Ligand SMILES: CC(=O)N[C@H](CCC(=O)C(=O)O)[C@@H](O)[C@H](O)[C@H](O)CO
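One chain is shown next in structure tokens, namely the form deposited without this ligand.
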């Protein structure tokens, strides 16, 4: 089984002004991550990919392009989760047939599902696809907060490999490491990569790695090497850039910094604001000069 540890960018997608996928740009974002950011893999179709604003056919298109462009150069995880479990199975099977290395699914959201319902959800996607599974936990958007005993129940299925922890509860993260030492953890908060790596997370899945991939690998590797002082300096610089990106508008600022690298990262998909304002373009240029030149 292809190794899933390390540094994975959460793949941003380039959209045309009309909301349709810009394939040429998306291939450029992919090439930049693989060739310039030097990531170990791509995490395709997650919240960062503007996934939940798209139809099933568009989701399939993005998975088709990403796999054809990356080929076997890097590891690929397919995020196929959704409120629609039939859609999730459908998408899981499609990515599996394409050769994705592993599936991932957000906890079903909107409705307040019970834990058994969440569990059936994960077990079904695995049983209908035959693929391995990474629980995608992002409580800030889902409102789903699972405790240590519930992760143990999910882990009864041997195809559940671990969790993409897009949450800042570092006690729970240590508890997960203690209770399930053979299960993987990927940090989801780029601006807290140092403290997550201090507790032994196995990798990181991040939206800022599309542009800050060099620094993110250094933080990860220096921290695992016991060079905390060195990692902290690079996490400080990284956070000045992340703070700017958050203040200027996460999605649009990453796409604008990508455009400054010559990648046609396009526009955001509506209902997200699709076009950067003047001021937003100005700020991106400034972040570029200060932190990525």
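Shifts are known only where both forms have a C-alpha. Numbering follows the first chain given and starts at 1. Rigid core (definition): largest C-alpha set, two forms, superposition within 1.5 Å.
The next section is about a form of this same protein that is not shown, the form solved in complex with this ligand.
Novice: Say this ligand is put on the shown chain the way it sits in the entry with it bound, by superposing the C-alphas near its site; is the site then open or blocked (3+ ligand atoms within 2.4 Å of backbone or C-beta)?
Specialist: Result: open.
Novice: Just to confirm the contact call: exactly one of 45 to 53, 32 to 40, 260 to 268, 220 to 228 touches this ligand in the entry with it bound at a 4.5 Å heavy atom cutoff, so which is it?
Specialist: Stretch with heavy atoms near the partner: 45 to 53.
Novice: Any chance residue 113 has a heavy atom within 4.5 Å of this ligand in the entry with it bound?
Specialist: Heavy-atom contact with this ligand at 4.5 Å: absent for residue 113.
Novice: Answer with yes or no whether residue 92 is in contact with this ligand in the entry with it bound, where contact means some heavy atom within 4.5 Å.
Specialist: So residue 92 does not count as contacting this ligand.
Novice: At the 4.5 Å heavy atom threshold, is residue 151 in contact with this ligand in the entry with it bound?
Specialist: Residue-level check for residue 151: no, no contact with this ligand.
Novice: Using 4.5 Å between non-hydrogen atoms, is residue 212 touching this ligand in the entry with it bound?
Specialist: Flag for residue 212 set to no.
Novice: Under a 4.5 angstroms heavy atom criterion, identify the one residue in 189, 121, 109, 180 near this ligand in the entry with it bound.
Specialist: If I apply the 4.5 Å criterion carefully, the residue I get is 189.
Novice: At 4.5 Å, heavy atom to heavy atom, what parts of 1 to 16 sit next to this ligand in the entry with it bound? List them in sequence order, or say none.
Specialist: Heavy-atom contacts within 4.5 Å come from 10 alone.
Novice: I want to make sure I read this right: if the two forms are fitted on their rigid core, which of 73, 84, 114, 145 has a C-alpha displacement of 2 angstroms or more between the shown form and the other one?
Specialist: Only 145 moves by 2 Å or more at its C-alpha.
Novice: Does residue 165 show a Cα shift reaching 2 Å between the shown form and the other one after rigid-core superposition?
Specialist: Comparing forms between the shown form and the other one, the residue 165 CA shifts below 2 Å.
Novice: Superposed on the rigid core, does the Cα of residue 136 end up 2 angstroms or more away between the shown form and the other one?
Specialist: Where the cores coincide, residue 136 still shows a C-alpha shift between the shown form and the other one that is 2 Å or more.
Novice: Looking in the entry with it bound, are the Cα atoms of residue 125 and residue 142 closer together or farther apart than here, the change being 3 Å or more?
Specialist: Residues separate in the entry with it bound, at least 3 Å farther apart.
Novice: In the entry with it bound, the Cα separation between residue 138 and residue 52 changes by 3 Å or more relative to the shown form; did it shrink or grow?
Specialist: Pair moves farther apart in the entry with it bound.
Novice: Superposed on the rigid core, which segments of at least three residues move by 2 angstroms or more at the Cα between the shown form and the other one?
Specialist: After core superposition, the one displaced run is 136 to 146.
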